[PDB]
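Written below as C-alpha cells is the structure these notes are about.
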Amino acid sequence: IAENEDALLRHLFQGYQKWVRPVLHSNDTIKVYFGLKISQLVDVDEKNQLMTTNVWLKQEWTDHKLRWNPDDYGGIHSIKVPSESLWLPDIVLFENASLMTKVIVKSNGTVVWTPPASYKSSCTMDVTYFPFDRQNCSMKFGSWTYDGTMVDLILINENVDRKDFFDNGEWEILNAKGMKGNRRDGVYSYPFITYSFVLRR
Ligand SMILES: *[C@@H]1O[C@H](CO)[C@@H](O)[C@H](O)[C@H]1NC(C)=O
Ligand SMILES: *[C@@H]1O[C@H](CO)[C@@H](O)[C@H](O)[C@H]1NC(C)=O
Numbered sequence: 001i002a003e004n005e006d007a008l009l010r011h012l013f014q015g016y017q018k019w020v021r022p023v024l025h026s027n028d029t030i031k032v033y034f035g036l037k038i039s040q041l042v043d044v045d046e047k048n049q050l051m052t053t054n055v056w057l058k059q060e061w062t063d064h065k066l067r068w069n070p071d072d073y074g075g076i077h078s079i080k081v082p083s084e085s086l087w088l089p090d091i092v093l094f095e096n097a104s105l106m107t108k109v110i111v112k113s114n115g116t117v118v119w120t121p122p123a124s125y126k127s128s129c130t131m132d133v134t135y136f137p138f139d140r141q142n143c144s145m146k147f148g149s150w151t152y153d154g155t156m157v158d159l160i161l162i163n164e165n166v167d168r169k170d171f172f173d174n175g176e177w178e179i180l181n182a183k184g185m186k187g188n189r190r191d192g193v194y195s196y197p198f199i200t201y202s203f204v205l206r207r
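Note that the sequence shown covers residues 1 to 97, 104 to 207 in the entry's author numbering.
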C-alpha cells in the first residue's frame, strides 16, 4: 500500500502551533461541544462522602488550521492523530479527583476527542428521604485555560450518556442531568457544565 497519509500529516502540522487557538479570525471563540458518558459507578464511599466513576469526556470542535480537500489526498476524509499534537480546549473536572488518547480529525476541521477518565468527586446524602438511601453527587467540567471569550461550551445533551453503563450491584442511578453555568472568579467569565447525580440505595 501507498500512503499519502504521511503527506497530509506533514502538510497539516508543518507550522502548526498547538498553543494558538485554531480559529480563522482572532475575534472568534472556539465552540466545544461537550457531553459526559458514564461507563460505571465504581464505588460510593459513604464514609468520606466520595464517589469514584469511570467516564468518557466527549469533546468535539473545529480546528480551522486542519482542513483539507480529500481529493488532494487520495480521498482521505478523516484521520487519527495524537492529542499531544493538537490544540486542546483543556476541559477538566474542577474539584480535583483525563488520559491522553488519540483524536480523530476530519477534512473540514472537526476534531472528535473522547478521552477516558476515572474520578473521585464529592457527594451529599439526601436527608429528606428515609431510610437514607439517596445521595446527591455533582461533577463540574469546564476549561481551565480559556475564558468564555475564547472557548464557549455547548452542552450536547441534558442527560449523561449511559447506554454502555454497568449497573453495579450496590447503587442505582436515579437521575443524571447536565446544566450549563457561566460563573467563575476574577475579571473573567468562564463557562462550565454541572452534572447532578441522584444515587439510590
Ligand atoms: C465535518 O464532516 C462531518 C462528517 O464526517 C460532520 O459531522 C461535521 O459536522 C463536519 N464539520 C463541520 C465543521 O461542518
Ligand atoms: C438532592 O437532589 C434531589 C434531586 O435533584 C433534590 O430534590 C434535593 O433538593 C437535593 N438536596 C440536596 C440536599 O442535595
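The beta carbon of each residue, even a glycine, is placed where N, CA and C say it ideally should be.
Practice problem: Return yes when the C-beta of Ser202 is under 7 Å from any heavy atom of ligand 2, and no when it is not. | Solution: yes
Practice problem: With a threshold of 7 Å, establish whether the CB of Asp139 neighbours any heavy atom of ligand 2. | Solution: no
Practice problem: Give the secondary structure of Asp6 by DSSP, where H, G and I count as helix, E and B as strand, and everything else as coil. | Solution: helix
Practice problem: Please go through the same chain and pick out, in chain order, the residues whose beta-carbon is closer than 6 Å to the beta-carbon of residue 102, but skip the five residues on each side of it. | Solution: Because the chain is numbered 97 and then 104 with no intervening positions, residue 102 cannot be located in this model.
Quiz item: To which residues does DSSP link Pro82 through a beta bridge?
Solution: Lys108
Quiz prompt | Other residues of its chain near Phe94: CB distance less than 8 Å, five sequence neighbours each side excluded | solution = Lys146, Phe147, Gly148 and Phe198
Quiz prompt | Test item, CB below 7 Å from any non-hydrogen atom of ligand 1 | solution = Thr62, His77, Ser78, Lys112, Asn114, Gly115 and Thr116
Quiz item: Going by Cα to Cα distance, which pick from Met131, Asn96 and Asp153 is closest to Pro89?
Solution: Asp153
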